[PDB]
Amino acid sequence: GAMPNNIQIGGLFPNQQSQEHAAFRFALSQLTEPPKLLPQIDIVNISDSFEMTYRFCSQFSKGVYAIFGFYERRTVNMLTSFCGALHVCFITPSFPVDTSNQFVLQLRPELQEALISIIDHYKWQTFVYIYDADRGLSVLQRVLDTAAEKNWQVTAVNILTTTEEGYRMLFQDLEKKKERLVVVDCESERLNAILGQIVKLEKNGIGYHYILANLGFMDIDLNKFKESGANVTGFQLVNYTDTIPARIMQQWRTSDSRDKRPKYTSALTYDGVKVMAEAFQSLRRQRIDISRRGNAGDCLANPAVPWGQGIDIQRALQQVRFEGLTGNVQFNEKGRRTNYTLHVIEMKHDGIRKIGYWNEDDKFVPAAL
């Protein structure tokens, strides 16, 4: 049969004032085709499993059809388990983890392979790897595995445990090598501070090279770092001057002016809304009969009784394919971004320039220049 004209969508957000939140509202306002996505977002501590659970169960008993929100490390397991038990989908731009089930739709592309490619490309054989551990440890594992495989000499520093002396200690046996190579793997909000810290710790007469293992390159203090002559390479998800993103920034620009550069997490929040819209428009027109109980269907039971039409909504969300702010948006059957392109940017000589791009199939292709 049919679906209602409104589709209630749950939200798990860390706060109601943020640029991701603005991206969310503005993208919802761009939708014209039915059914209408009716957001019902809650402000929640995304690090606390208890609070997230209360919200998720609260959202579920209420009959929302999917949940868009963010998840932290401590809560990733709880969210994956609850989605899998209830067949309720979670759409998120948060750092992708390993071993989600198929009901978690990850807007954010995995970086680990791209990172490996860029390291091989530069022919790095030994390097320092810096990690904070609050956004997953998969990348480090992937780095250590390839290192063992390729006989690379990797030194690992989790910044949180290292006050100032640790960084200085790495060069105790580092003369006769005129170029030190460093991978920085940390949360985006924190990238600028760590970069600033480790550049201060630099020694004279050694050449320093940095590769950013996380998106977040362009959302940093670029002028300070380029003007300092820093060598830095990172990934960029959004071409802000390509045809479709330029158009989008256009309307967004006009929208703000009556009532500046979006971060990659904002851009994914905006595509995440289109993912939901595409899925629910697609069920509506496909004539797939969906109903959901306003009833307080209790979230907790043994065994968990899955929403029976949930698998239908999971399939629609997974098969979506379109051109968004972050280029081609598409998922494999496990709910990860697939068939995406990453722009590789190299900041060098007081200049930042695109040096190529990376995708799963072609890996990395150098630009003409």
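A residue's number is simply how far along the shown sequence it sits, counting from 1.
- The gap between residue 259 and residue 260 holds 4 to 9 unmodelled residues of the deposited sequence.
- For the pair 171-179 and 139-147, the record assigns the higher mean C-alpha temperature factor to 171-179.
- A summary of the deposited B-factors shows that, of 51-59 and 315-323, the stretch with the larger mean C-alpha value is 315-323.
- The residue among 212, 268, 160, 299 whose C-alpha carries the highest B-factor in the deposited model is 160.
- Per the PDB record, 295 has a higher Cα B-factor than any other of 102, 295, 106, 77.
- When the modelled residues of the chain are ordered by C-alpha B-factor, residue 345 sits in the middle third.
- Placement of the Cα temperature factor of residue 351 within the chain: highest third of the modelled residues, per the deposited record.
- When the CA B factors of the chain's modelled residues are split into thirds, the value for residue 81 lands in the lowest one.
- The entry lists a Cα temperature factor for residue 274 that places it in the lowest third of the chain's modelled residues.
- Residue-level temperature factors show residue 288 in the highest third of its chain, judged at the C-alpha atom.
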